[PDB]
Amino acid sequence: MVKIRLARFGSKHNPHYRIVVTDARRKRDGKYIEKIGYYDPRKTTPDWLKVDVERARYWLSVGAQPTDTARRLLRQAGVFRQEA
Amino acid sequence: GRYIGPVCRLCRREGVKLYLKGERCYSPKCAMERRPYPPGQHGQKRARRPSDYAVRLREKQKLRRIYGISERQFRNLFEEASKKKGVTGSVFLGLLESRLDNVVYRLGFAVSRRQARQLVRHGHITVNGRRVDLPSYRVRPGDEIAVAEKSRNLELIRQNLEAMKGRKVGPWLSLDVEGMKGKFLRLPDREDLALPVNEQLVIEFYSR
Amino acid sequence: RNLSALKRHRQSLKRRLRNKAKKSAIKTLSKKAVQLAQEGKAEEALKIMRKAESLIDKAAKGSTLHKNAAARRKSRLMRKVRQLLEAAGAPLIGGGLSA
Amino acid sequence: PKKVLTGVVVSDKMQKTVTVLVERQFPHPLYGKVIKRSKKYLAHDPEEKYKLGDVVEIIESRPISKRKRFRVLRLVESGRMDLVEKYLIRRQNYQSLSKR
RNA sequence: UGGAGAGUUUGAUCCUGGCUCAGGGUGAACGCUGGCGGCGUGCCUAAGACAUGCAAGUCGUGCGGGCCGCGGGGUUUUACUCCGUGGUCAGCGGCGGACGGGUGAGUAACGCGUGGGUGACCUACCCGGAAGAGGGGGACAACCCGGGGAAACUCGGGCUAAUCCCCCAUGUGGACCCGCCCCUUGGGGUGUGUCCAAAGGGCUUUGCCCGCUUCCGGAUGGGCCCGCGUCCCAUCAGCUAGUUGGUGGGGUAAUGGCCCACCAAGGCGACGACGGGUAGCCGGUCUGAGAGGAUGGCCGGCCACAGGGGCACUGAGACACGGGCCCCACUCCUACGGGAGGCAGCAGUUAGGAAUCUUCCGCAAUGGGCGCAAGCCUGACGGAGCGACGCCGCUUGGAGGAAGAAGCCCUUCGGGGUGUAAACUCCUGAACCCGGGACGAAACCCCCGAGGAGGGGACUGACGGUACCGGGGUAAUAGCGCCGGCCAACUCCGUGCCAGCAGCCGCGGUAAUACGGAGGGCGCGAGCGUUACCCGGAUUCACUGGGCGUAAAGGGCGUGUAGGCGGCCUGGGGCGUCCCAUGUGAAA
């Protein structure tokens with residue numbers, strides 16, 4: 001199965017995650033498929049909100065799953081939201 | 001670590017003096033005037049034929065001596081000159097002087113380069129806001145480099161203020177005697193602010 | 001010292017028991033089929049065929065001759081059965097057999 | 001994009017199986033000039049519709065057998081010989097190199 | 001937007017031509033010196049051995065239990081049975097243990113890189129959609145009795161369970177066979193005859209949830225194959241009997257001789273087979289004018305392996321690091337009857353070696369396991385530690401201060417040099433106390449709305465009272481190499497082919513700018529040099545970029561096989577060749 005999740009690429013104490021689709025079985029800091037996000041839980045510069053709205057929506061459609069703080073960042077990205 | 005010691009012993013080593021120790025190394029001697037010519041035993045024997053490369057090398061030394069730094073970082077940033085495009089050595093001299101210590105110098109804040117390094121490193125000099133340490137901190141076209149809150153309350157600060165007046169700024173270093181500040185501007189060159197070292201020689205020697 | 005791969009071991013042993021026994025059953029039934037077939041009488045070989053194919057998708061049912069090999073051996077069985085039938089025999093009794 | 005090769009059929013030697021003498025051009029990723037080299041693939045001819053020399057077009061196929069890959073499809077031109085002829089001569093001259 | 005050379009064979013010159021150096025680079029190591037910090041990186045040799053510690057579990061929304069315990073339910077009570085019920089531990093049971101992780105031994109291979117084929121295939125774990133959950137019945141644990149063993153733990157009869165094992169039914173659909181239909185390598189619809197299903201839990205309980213059975217589709221992964229690219233020895237020239245091919249079967253998920261039967265003799269090679277030597281390939285990295293040369297730690301992709309070799313079972317997935325069996329080798333345990341272990345997982349130990357780390361902290365983040373969740377495991381991972389080990393940042397002070405002290409070296413004894421250097425004068429404030437002080441974390445969870453989309457409510461820090469901010473405040477480690485040409489830096493003693501130096505030329509045979517020492521200078525600066533190792537220079541394997549009259553070098557001449565390479569007109573073809581449009585060339 002496939003999962004969407006957070007992969008760090010920051011310095012020895014400079015965290016910074018990317019939100020990306022990968023078939024779970026792949027390792028943390030490894031290859032993926034669709035570069036569909038990034039986000040920094042430290043709020044470096046006001047750009048810490050990145051999710052590929054379209055194909056993330058369509059990804060959760062095709063039968064994919066997210067992670068924890070991924071649910072968080074999508075309940076902020078609103079890709080979850082239908083607007084109501 | 002900036003040699004430290006017999007400094008204007010190089011004021012004579014290069015041959016011609018430089019604004020080095022400040023008031024004195026500009027007063028009736030940078031150790032010059034009195035007797036300018038390289039020290040040592042062979043002090044004045046009968047100057048030989050400096051191989052062409054060595055004229056070049058002595059120029060490199062010369063320039064990095066006036067600029068007050070070891071040639072390590074100097075090397076790295078000369079490479080940064082090669083990379084950051086422009087007629088290499090020119091925009092090199094520029095992106096050399098853009099360094100905060102001597103920005104503080106020619107801005108008329110510090111009397112001498114060493115003194116400058118002290119002042120800046122102790123955050124006596126602030127840069128567009130935060131009291132930036134690091135003598136090696138290049139600024140940008142627009143930034144206003146000031147001093148510290150406890151500097152208007154500092155001494156040889158007011159010395160510098162009063163005794164400097166009647167001296168015009170490096171045409172981009174827009175100071176303040178009114179508030180002790182100073183805007184950064186355009187990139188100066190060989191002629192905006194000149195000095196006694198032929199740049200082409202320096203670059204040609206360096207990258208060999 | 002210990003683990004849960006002792007549990008995995010013993011389990012694997014039971015699963016192997018059922019697997020082995022059933023697969024063997026399939027093999028023998030098939031052999032019966034060819035016996036009465038190269039003979040030349042459909043009848044009992046039709047009974048054998050029913051039993052066989054059922055056990056075949058009993059193999060597909062779980063972790064034995066999964067999907068193909070089950071079906072593949074259905075094919076090959078009925079095939080090798082059928083050919084020898086019309087050879088000295090009237091292919092009758094519509095069982096696991098079309099026409 | 002099932003790769004297909006245009007080549008001179010060599011030796012009907014086997015039944016339902018033909019050897020095919022392909023030859024490709026190439027540059028020289030160091031010296032510029034062009035080069036050329038022959039490759040013998042496994043033409044699948046289940047009814048000997050091919051024979052001595054006749055160039056046919058061969059196909060990237062299901063693994064027909066042991067190295068026996070590369071079926072056929074469209075026959076091209078017959079009455080070739082001459083080519084297969086020269087190749088043959090070269091073969092005999094391979095058996096013209098001995099240290100024994 | 002990037003490219004320089006000099007030393008060196010002669011009495012002397014030009015050309016030729018090797019040895020040398022200037023250079024950048026390193027997981028380095030060695031002697032000399034060595035302060036704070038960031039980020040990094042740190043067994044390259046023994047794929048030798050490894051003691052200890054940890055590293056794979058989890059679920060009671062799968063099912064019967066022994067044992068600590070409470071109401072003590074029955075006991076009119078007893079002695080203690082037993083409805084309920086908080087907690088431990090095994091079992092059957094279900095998913096994980098085929099991910100994660102370490103290593104370069106093998107492997108010159110379709111392994112890898114790479115572009116595709118699969119009308120030849122496999123794919124549990126989450127989304128789509130249709131079809132669905134009739135009944136009966138069986139086995140073995142745990143546990144009951146008895147025994148043997150040092151331990152490893154072991155045998156026999158006896159017990160009840162279930163999403164555990166089954167048989168008939170229910171059959172959209174699926175599978176086979178035989179037949180038609182379009183397709184055209186087994187693609188797809190379809191007719192007759194047989195076979196295949198299903199398992200129940202939890203409650204807020206009459207309705208929802210978690211799991212279910214069947215097929216079609218999605219998602220991703222993966223096997224199979226193919227074109228091309230992928231190192232030296234031709235003093236390795238012939239290689240071969242499953243070998244080459246078929247037809248017919250086994251086996252596989254399927255293709256294929258991978259395997260068997262049988263039958264036909266091909267299969268391959270100087271375009272460099274077969275064989276020996278050597279190495280995991282790579283995105284790239286360092287060098288380089290460029291082409292090229294080397295190489296592949298860390299990081300990422302793909303391989304293959306667990307002390308060496310063979311094997312199979314389980315399972316959607318493996319010949320399975322920390323699962324089993326076997327053989328050999330090896331240590332290790334015991335009362336000697338007989339046994340256990342595999343750290344090329346994390347630390348650490350040991351030998352090898354000139355060389356390379358704490359038997360540490362946190363599950364607070366991310367990612368993985370399983371669970372309705374609560375939750376637990378998590379040496380993946382997140383961090384502190386030790387090494388100047390590399391890049392970078394920084395400090396050992398800043399201002400005036402002498403026709404210039406003292407000391408020390410040179411002298412033609414007038415002085416010159418170290419030297420603004422010093423002491424002092426003031427200014428600051430490395431270090432270091434007092435105080436305050438973090439970001440790194442909003443979800444899952446609780447309620448409003450239904451558990452749906454949306455709102456509020458609430459727990460969550462290892463790092464560390466560290467980064468950081470405020471006040472206060474002390475002048476406070478500087479060394480290494482060079483100084484004959486290359487090459488910036490010279491005088492003085494001692495030494496007298498002795499002592500020595502040395503990268504090449506050479507330097508010492510009693511006036512040495514080379515040896516030691518001393519003054520002074522060059523360079524570099526928490527660095528300095530040495531050796532090693534690769535690329536450069538080296539246009540010294542020359543493709544941009546070379547040569548063979550006498551310098552290295554034209555075959556003793558012919559002959560002609562293959563190959564290479566070809567005059568001039570026309571048009572067709574469009575193969576190389578150029579262009580046009582996209583897929584791809586992941587990230588870094």
# chains A, B, ... in the order shown; residues from 1 in each chain; ligands from 1
call {"tool": "residues_around", "arguments": {"residues": "residue 5 of chain C", "least_positions_apart": "2", "cutoff": "12 Å", "atoms": "only C-alpha atoms (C1' of nucleotides)", "output": "ChimeraX atom specification"}}
result
/C:1-3,7-13 /E:56-57,96-97,314,322-324
call {"tool": "write_last_selection", "arguments": {"atoms": "C-alpha atoms (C1' of nucleotides)", "output": "PDB file, in the first residue's frame"}}
result
ATOM      1  CA  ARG C   1      16.663 -16.912  23.922  1.00  0.00           C
ATOM      2  CA  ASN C   2      12.985 -16.975  22.913  1.00  0.00           C
ATOM      3  CA  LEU C   3      10.781 -15.186  20.367  1.00  0.00           C
ATOM      4  CA  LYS C   7       5.053 -19.635  17.420  1.00  0.00           C
ATOM      5  CA  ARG C   8       5.637 -18.909  13.724  1.00  0.00           C
ATOM      6  CA  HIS C   9       7.537 -22.203  13.441  1.00  0.00           C
ATOM      7  CA  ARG C  10       4.904 -24.474  15.043  1.00  0.00           C
ATOM      8  CA  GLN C  11       2.130 -22.665  13.158  1.00  0.00           C
ATOM      9  CA  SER C  12       3.960 -23.155   9.891  1.00  0.00           C
ATOM     10  CA  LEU C  13       4.145 -26.837  10.882  1.00  0.00           C
TER      11      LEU C  13
ATOM     12  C1'   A E  56      10.286  -7.437  17.276  1.00  0.00           C
ATOM     13  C1'   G E  57       6.453  -7.241  18.456  1.00  0.00           C
ATOM     14  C1'   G E  96       4.111  -7.800  11.391  1.00  0.00           C
ATOM     15  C1'   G E  97       9.257 -10.730  12.031  1.00  0.00           C
ATOM     16  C1'   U E 314       5.382 -21.544   6.152  1.00  0.00           C
ATOM     17  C1'   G E 322      18.758 -11.449  15.004  1.00  0.00           C
ATOM     18  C1'   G E 323      12.802 -18.234  11.951  1.00  0.00           C
ATOM     19  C1'   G E 324      13.810 -24.200  11.072  1.00  0.00           C
TER      20        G E 324
END
call {"tool": "residues_around", "arguments": {"residues": "residue 25 of chain C", "least_positions_apart": "5", "cutoff": "9 Å", "atoms": "only C-alpha atoms (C1' of nucleotides)", "output": "compact mmCIF listing (two decimals) with C-alpha atoms, in the first residue's frame"}}
result
# COMPACT_ATOMS: atom_id res chain seq x y z
CA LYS C 20 0.80 -31.29 2.29
CA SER C 30 -5.67 -37.13 -10.66
CA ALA C 52 -10.59 -33.50 -8.04
CA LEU C 55 -10.29 -30.13 -4.10
call {"tool": "interface_residues", "arguments": {"of": "chain D", "to": "chain E", "cutoff": "6 Å", "atoms": "only C-alpha atoms (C1' of nucleotides)", "output": "list in words"}}
result
residues 2, 14, 30, 31, 37, 63 and 65 of chain D
call {"tool": "write_last_selection", "arguments": {"atoms": "N, CA and C atoms", "output": "JSON list (two decimals), in the first residue's frame"}}
result
[["chain", "number", "residue", "atom", "x", "y", "z"],
["D", 2, "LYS", "N", 8.00, -2.55, -29.34],
["D", 2, "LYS", "CA", 8.70, -3.81, -29.53],
["D", 2, "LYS", "C", 9.75, -3.63, -30.61],
["D", 14, "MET", "N", 18.52, -24.81, -38.84],
["D", 14, "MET", "CA", 17.61, -25.53, -37.97],
["D", 14, "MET", "C", 16.18, -25.47, -38.51],
["D", 30, "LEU", "N", 34.60, 8.76, -29.07],
["D", 30, "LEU", "CA", 35.96, 9.15, -28.71],
["D", 30, "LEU", "C", 36.72, 9.63, -29.93],
["D", 31, "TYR", "N", 36.50, 8.98, -31.07],
["D", 31, "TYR", "CA", 37.27, 9.27, -32.28],
["D", 31, "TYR", "C", 36.42, 9.74, -33.48],
["D", 37, "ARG", "N", 28.92, -3.43, -36.98],
["D", 37, "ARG", "CA", 29.14, -4.75, -36.40],
["D", 37, "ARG", "C", 27.94, -5.69, -36.44],
["D", 63, "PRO", "N", 10.01, -14.96, -25.16],
["D", 63, "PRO", "CA", 11.10, -15.93, -25.10],
["D", 63, "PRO", "C", 10.68, -17.23, -25.78],
["D", 65, "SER", "N", 12.75, -19.61, -26.89],
["D", 65, "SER", "CA", 13.57, -20.67, -26.30],
["D", 65, "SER", "C", 14.90, -20.18, -25.71]]
call {"tool": "interface_residues", "arguments": {"of": "chain E", "to": "chain B", "cutoff": "6 Å", "atoms": "only C-alpha atoms (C1' of nucleotides)", "output": "ChimeraX atom specification"}}
result
/E:398,417,520-521
call {"tool": "closest_atom_pairs", "arguments": {"of": "chain A", "to": "chain E", "cutoff": "7 Å", "atoms": "only C-alpha atoms (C1' of nucleotides)", "output": "Markdown table"}}
result
| residue | atom | partner | partner_atom | distance |
| --- | --- | --- | --- | --- |
| A:1 | CA | E:125 | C1' | 5.8 |
| A:2 | CA | E:220 | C1' | 5.9 |
| A:6 | CA | E:366 | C1' | 6.5 |
| A:7 | CA | E:366 | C1' | 6.8 |
| A:23 | CA | E:220 | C1' | 5.9 |
| A:25 | CA | E:99 | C1' | 5.8 |
| A:28 | CA | E:367 | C1' | 5.4 |
| A:30 | CA | E:300 | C1' | 6.6 |
| A:31 | CA | E:587 | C1' | 6.2 |
| A:42 | CA | E:440 | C1' | 5.9 |
| A:61 | CA | E:127 | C1' | 5.8 |
| A:62 | CA | E:127 | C1' | 5.2 |
| A:63 | CA | E:127 | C1' | 3.5 |
| A:64 | CA | E:126 | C1' | 5.8 |
| A:65 | CA | E:126 | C1' | 6.2 |
| A:68 | CA | E:443 | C1' | 6.5 |
| A:69 | CA | E:443 | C1' | 5.5 |
| A:72 | CA | E:443 | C1' | 5.1 |
| A:81 | CA | E:453 | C1' | 5.2 |
| A:82 | CA | E:453 | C1' | 5.5 |
| A:83 | CA | E:453 | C1' | 6.6 |
| A:84 | CA | E:453 | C1' | 5.8 |
call {"tool": "atom_distance", "arguments": {"atom1": "atom CA of residue 60 of chain B", "atom2": "atom CA of residue 13 of chain B"}}
result
13.0 Å
call {"tool": "residues_around", "arguments": {"residues": "segment 85-93 of chain D", "least_positions_apart": "3", "cutoff": "12 Å", "atoms": "only C-alpha atoms (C1' of nucleotides)", "output": "list in words"}}
result
residues 8, 9, 10, 11, 21, 22, 23, 37, 38, 39, 40, 52, 53, 79, 80, 81, 82, 96, 97 and 98 of chain D; 268, 269, 270, 271, 561, 562 and 563 of chain E
call {"tool": "select_by_dssp", "arguments": {"residues": "chain D", "states": "strand (DSSP E)", "output": "PyMOL selection string"}}
result
chain D and resi 4-14+17-26+35-43+56-59
call {"tool": "write_last_selection", "arguments": {"atoms": "N, CA, C and O atoms", "output": "tab-separated table (two decimals), in the first residue's frame"}}
result
chain	number	residue	atom	x	y	z
D	4	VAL	N	12.31	-3.87	-33.46
D	4	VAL	CA	12.43	-4.77	-34.59
D	4	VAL	C	13.70	-4.48	-35.38
D	4	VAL	O	14.11	-3.32	-35.50
D	5	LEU	N	14.34	-5.53	-35.90
D	5	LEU	CA	15.58	-5.37	-36.65
D	5	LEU	C	15.46	-5.85	-38.09
D	5	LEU	O	14.81	-6.86	-38.38
D	6	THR	N	16.08	-5.09	-38.99
D	6	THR	CA	16.14	-5.44	-40.41
D	6	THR	C	17.50	-6.07	-40.70
D	6	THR	O	18.53	-5.41	-40.62
D	7	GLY	N	17.51	-7.36	-41.04
D	7	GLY	CA	18.76	-8.08	-41.19
D	7	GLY	C	18.79	-9.22	-42.20
D	7	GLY	O	17.76	-9.78	-42.57
D	8	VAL	N	20.00	-9.57	-42.63
D	8	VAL	CA	20.20	-10.63	-43.61
D	8	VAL	C	20.08	-12.00	-42.96
D	8	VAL	O	20.89	-12.36	-42.11
D	9	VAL	N	19.09	-12.77	-43.37
D	9	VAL	CA	18.92	-14.10	-42.82
D	9	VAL	C	20.13	-14.98	-43.09
D	9	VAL	O	20.52	-15.21	-44.24
D	10	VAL	N	20.73	-15.47	-42.02
D	10	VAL	CA	21.82	-16.39	-42.20
D	10	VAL	C	21.43	-17.82	-41.78
D	10	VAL	O	20.75	-18.05	-40.74
D	11	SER	N	21.83	-18.75	-42.65
D	11	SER	CA	21.74	-20.20	-42.44
D	11	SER	C	20.40	-20.75	-41.91
D	11	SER	O	20.07	-20.59	-40.73
D	12	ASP	N	19.67	-21.43	-42.79
D	12	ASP	CA	18.43	-22.10	-42.43
D	12	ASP	C	18.67	-23.27	-41.47
D	12	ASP	O	17.72	-23.98	-41.10
D	13	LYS	N	19.93	-23.44	-41.06
D	13	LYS	CA	20.45	-24.62	-40.34
D	13	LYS	C	19.51	-25.45	-39.45
D	13	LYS	O	19.67	-26.66	-39.33
D	14	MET	N	18.52	-24.81	-38.84
D	14	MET	CA	17.61	-25.53	-37.97
D	14	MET	C	16.18	-25.47	-38.51
D	14	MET	O	15.85	-24.60	-39.31
D	17	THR	N	13.55	-22.53	-36.96
D	17	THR	CA	14.56	-21.68	-36.32
D	17	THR	C	15.54	-21.19	-37.38
D	17	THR	O	16.13	-21.99	-38.10
D	18	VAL	N	15.73	-19.88	-37.48
D	18	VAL	CA	16.73	-19.39	-38.43
D	18	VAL	C	17.69	-18.47	-37.70
D	18	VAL	O	17.31	-17.85	-36.70
D	19	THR	N	18.92	-18.38	-38.20
D	19	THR	CA	19.83	-17.46	-37.57
D	19	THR	C	19.69	-16.16	-38.33
D	19	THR	O	19.43	-16.15	-39.52
D	20	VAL	N	19.77	-15.03	-37.65
D	20	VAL	CA	19.72	-13.80	-38.42
D	20	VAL	C	20.90	-12.87	-38.21
D	20	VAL	O	21.17	-12.39	-37.11
D	21	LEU	N	21.60	-12.64	-39.32
D	21	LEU	CA	22.75	-11.76	-39.38
D	21	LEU	C	22.34	-10.30	-39.50
D	21	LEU	O	22.12	-9.78	-40.59
D	22	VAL	N	22.24	-9.64	-38.35
D	22	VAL	CA	21.93	-8.23	-38.30
D	22	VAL	C	23.27	-7.52	-38.34
D	22	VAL	O	24.30	-8.13	-38.08
D	23	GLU	N	23.26	-6.24	-38.70
D	23	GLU	CA	24.46	-5.40	-38.70
D	23	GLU	C	24.05	-3.94	-38.50
D	23	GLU	O	23.18	-3.43	-39.22
D	24	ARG	N	24.65	-3.28	-37.51
D	24	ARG	CA	24.28	-1.91	-37.17
D	24	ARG	C	25.44	-0.94	-37.35
D	24	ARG	O	26.60	-1.29	-37.13
D	25	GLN	N	25.11	0.29	-37.74
D	25	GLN	CA	26.10	1.36	-37.78
D	25	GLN	C	26.19	2.00	-36.41
D	25	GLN	O	25.33	1.79	-35.55
D	26	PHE	N	27.24	2.79	-36.21
D	26	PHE	CA	27.49	3.43	-34.92
D	26	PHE	C	28.55	4.52	-35.10
D	26	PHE	O	29.29	4.49	-36.08
D	35	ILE	N	31.39	3.21	-37.42
D	35	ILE	CA	31.74	1.80	-37.41
D	35	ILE	C	30.50	0.94	-37.63
D	35	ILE	O	29.38	1.45	-37.72
D	36	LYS	N	30.71	-0.37	-37.68
D	36	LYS	CA	29.63	-1.30	-37.98
D	36	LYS	C	29.94	-2.71	-37.45
D	36	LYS	O	31.10	-3.13	-37.46
D	37	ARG	N	28.92	-3.43	-36.98
D	37	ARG	CA	29.14	-4.75	-36.40
D	37	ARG	C	27.94	-5.69	-36.44
D	37	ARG	O	26.80	-5.28	-36.19
D	38	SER	N	28.22	-6.96	-36.71
D	38	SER	CA	27.18	-7.95	-36.96
D	38	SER	C	26.70	-8.65	-35.69
D	38	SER	O	27.48	-8.91	-34.78
D	39	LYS	N	25.40	-8.95	-35.66
D	39	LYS	CA	24.80	-9.66	-34.53
D	39	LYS	C	23.81	-10.71	-35.00
D	39	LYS	O	22.93	-10.43	-35.83
D	40	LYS	N	23.95	-11.92	-34.48
D	40	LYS	CA	23.13	-13.06	-34.90
D	40	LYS	C	22.00	-13.38	-33.90
D	40	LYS	O	22.26	-13.92	-32.81
D	41	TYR	N	20.76	-13.07	-34.28
D	41	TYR	CA	19.60	-13.24	-33.40
D	41	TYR	C	18.73	-14.44	-33.81
D	41	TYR	O	18.97	-15.03	-34.86
D	42	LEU	N	17.71	-14.78	-33.01
D	42	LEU	CA	16.96	-16.01	-33.29
D	42	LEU	C	15.54	-15.88	-33.88
D	42	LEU	O	14.48	-15.64	-33.20
D	43	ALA	N	15.56	-16.03	-35.20
D	43	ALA	CA	14.38	-15.84	-36.03
D	43	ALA	C	13.44	-17.01	-35.87
D	43	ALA	O	13.85	-18.19	-36.02
D	56	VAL	N	14.93	-10.76	-44.08
D	56	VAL	CA	13.59	-10.61	-43.51
D	56	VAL	C	13.64	-9.68	-42.31
D	56	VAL	O	14.71	-9.30	-41.84
D	57	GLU	N	12.47	-9.30	-41.81
D	57	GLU	CA	12.39	-8.50	-40.60
D	57	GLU	C	11.92	-9.35	-39.42
D	57	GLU	O	10.93	-10.07	-39.51
D	58	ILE	N	12.64	-9.21	-38.32
D	58	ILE	CA	12.69	-10.19	-37.25
D	58	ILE	C	11.96	-9.61	-36.05
D	58	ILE	O	11.85	-8.40	-35.96
D	59	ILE	N	11.44	-10.41	-35.12
D	59	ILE	CA	10.81	-9.64	-34.01
D	59	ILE	C	11.13	-9.93	-32.55
D	59	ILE	O	11.12	-11.10	-32.12
call {"tool": "residues_around", "arguments": {"residues": "residue 47 of chain D", "least_positions_apart": "2", "cutoff": "6 Å", "atoms": "only C-alpha atoms (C1' of nucleotides)", "output": "list in words"}}
result
residues 16, 45 and 49 of chain D
call {"tool": "residues_around", "arguments": {"residues": "residue 67 of chain A", "least_positions_apart": "5", "cutoff": "8 Å", "atoms": "only C-alpha atoms (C1' of nucleotides)", "output": "PyMOL selection string"}}
result
chain A and resi 3-6
call {"tool": "closest_residue", "arguments": {"among": "D:99, D:32, D:74, D:84", "to": "residue 44 of chain D", "atoms": "only C-alpha atoms"}}
result
D:74
call {"tool": "select_by_dssp", "arguments": {"residues": "chain C", "states": "helix (DSSP H, G or I)", "output": "PyMOL selection string"}}
result
chain C and resi 5-39+42-61+68-86
call {"tool": "write_last_selection", "arguments": {"atoms": "C-alpha atoms", "output": "compact mmCIF listing (two decimals), in the first residue's frame"}}
result
# COMPACT_ATOMS: atom_id res chain seq x y z
CA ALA C 5 9.17 -17.19 15.67
CA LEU C 6 8.76 -20.34 17.77
CA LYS C 7 5.05 -19.64 17.42
CA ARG C 8 5.64 -18.91 13.72
CA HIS C 9 7.54 -22.20 13.44
CA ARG C 10 4.90 -24.47 15.04
CA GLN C 11 2.13 -22.66 13.16
CA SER C 12 3.96 -23.15 9.89
CA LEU C 13 4.15 -26.84 10.88
CA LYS C 14 0.37 -27.21 11.24
CA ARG C 15 -0.28 -25.22 8.06
CA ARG C 16 2.26 -27.45 6.31
CA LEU C 17 0.39 -30.50 7.61
CA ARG C 18 -2.95 -29.48 6.08
CA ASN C 19 -1.29 -28.15 2.90
CA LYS C 20 0.80 -31.29 2.29
CA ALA C 21 -2.02 -33.74 2.95
CA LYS C 22 -4.53 -31.92 0.68
CA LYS C 23 -2.07 -31.41 -2.20
CA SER C 24 -1.20 -35.11 -2.01
CA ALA C 25 -4.92 -35.94 -2.16
CA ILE C 26 -5.18 -33.91 -5.39
CA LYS C 27 -2.19 -35.76 -6.89
CA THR C 28 -3.67 -39.20 -6.16
CA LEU C 29 -7.16 -38.34 -7.41
CA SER C 30 -5.67 -37.13 -10.66
CA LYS C 31 -3.75 -40.41 -10.95
CA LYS C 32 -7.04 -42.31 -10.54
CA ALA C 33 -8.49 -40.22 -13.37
CA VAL C 34 -5.67 -41.17 -15.80
CA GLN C 35 -5.99 -44.84 -14.79
CA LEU C 36 -9.65 -45.24 -15.69
CA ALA C 37 -9.11 -42.87 -18.64
CA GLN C 38 -6.32 -44.65 -20.51
CA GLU C 39 -8.56 -47.59 -19.76
CA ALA C 42 -15.84 -42.04 -18.34
CA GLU C 43 -18.18 -42.86 -15.41
CA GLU C 44 -15.97 -43.29 -12.34
CA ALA C 45 -13.37 -40.99 -13.92
CA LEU C 46 -16.16 -38.41 -13.97
CA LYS C 47 -16.65 -38.97 -10.21
CA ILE C 48 -12.89 -38.66 -9.78
CA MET C 49 -12.97 -35.46 -11.83
CA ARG C 50 -15.68 -33.83 -9.68
CA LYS C 51 -13.79 -34.72 -6.46
CA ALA C 52 -10.59 -33.50 -8.04
CA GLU C 53 -11.76 -30.09 -9.27
CA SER C 54 -13.53 -29.41 -5.97
CA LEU C 55 -10.29 -30.13 -4.10
CA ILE C 56 -8.54 -27.98 -6.70
CA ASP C 57 -10.48 -24.86 -5.76
CA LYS C 58 -10.07 -26.04 -2.18
CA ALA C 59 -6.41 -25.51 -2.99
CA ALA C 60 -7.16 -22.14 -4.57
CA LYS C 61 -9.40 -21.50 -1.54
CA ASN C 68 -3.35 -20.95 -11.77
CA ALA C 69 -1.77 -24.35 -10.89
CA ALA C 70 -5.25 -25.26 -9.63
CA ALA C 71 -6.81 -24.12 -12.93
CA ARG C 72 -3.76 -25.13 -14.99
CA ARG C 73 -4.06 -28.67 -13.57
CA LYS C 74 -7.82 -28.63 -14.21
CA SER C 75 -7.09 -27.83 -17.84
CA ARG C 76 -4.27 -30.34 -18.22
CA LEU C 77 -6.23 -33.04 -16.39
CA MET C 78 -9.52 -32.84 -18.30
CA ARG C 79 -7.46 -32.40 -21.46
CA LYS C 80 -5.35 -35.54 -21.05
CA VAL C 81 -8.49 -37.28 -19.80
CA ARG C 82 -10.62 -36.21 -22.80
CA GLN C 83 -8.13 -37.17 -25.52
CA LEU C 84 -7.73 -40.75 -24.33
CA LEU C 85 -11.51 -41.03 -23.90
CA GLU C 86 -12.68 -40.94 -27.53
